[PDB]
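Below, in C-alpha cells: the form deposited in one PDB entry, a single chain.
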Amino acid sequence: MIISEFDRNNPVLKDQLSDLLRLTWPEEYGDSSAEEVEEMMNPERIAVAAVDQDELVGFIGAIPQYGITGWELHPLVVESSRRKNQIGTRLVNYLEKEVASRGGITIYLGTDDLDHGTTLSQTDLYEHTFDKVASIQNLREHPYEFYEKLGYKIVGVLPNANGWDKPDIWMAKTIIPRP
C-alpha cells in the first residue's frame, strides 16, 4: 500500500489521525485531542502511516523509553472498515525494522482492558496473578491476541490501572537475534 514515514507537517493528515483517535478511544482523546497528536510528532518518536491515495487508514508510533534500546509501541490504530486486512501487521512489521535500525532491542506496549474483553478483567488480579495471566482467554476480540500472533508475549499486568478490575496488559518482544 503506501505505508511510510508520517508527514508531521501535514495539518490534514494530523486532523485525520486526531479523528481516528477520537473515534477509537473517545474516553482518552477529547477536545484537546490535537495536543495528543502533537506529542506523537516529537522528534524522538517514530511516526508511520498507511495512507490510501489521501485517506489515512492506519497509524503506528513508537516512543524510545529506555535509552534507544527499549521502545514503547504507542499508539496503533486502523480505520474500522479496513481491519482484518493485514494493515496492522504491516504497520507493526514496518515499525520493528525501523526501531531495530535505530538501536532498539525490545518493543513493549500496554493494551488496556476496560471492556471486560479478556479474563484478566473483572477479577482481583492480586489473587493468583500469574495463574490468571497464563490462563488468559479472549472474550471480545481484545487486541492482545493480535500482538501474540505477531510474536509479542504478555510479560506483565497492572492491576486496577483504569479503575477496579480494569487492568493494563504489558506485552513485549525482542526484535533482533541475540548476538
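If you superpose the two forms and keep the largest set of C-alpha atoms that fall within 1.5 Å, you have the rigid core. Just count from 1 along the sequence shown to find any residue number.
The same protein also has a form deposited in another entry, omitted here; what follows describes it.
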Does the distance between the two CA positions of residue 162 reach 2 Å or more between the shown form and the other one, the core being superposed? yes
With both forms fitted on the core, give yes or no for whether the Cα of residue 136 moves by 2 angstroms or more between the shown form and the other one. yes
Given a core-based superposition, decide whether the C-alpha of residue 37 shifts by 2 Å or more between the shown form and the other one. no
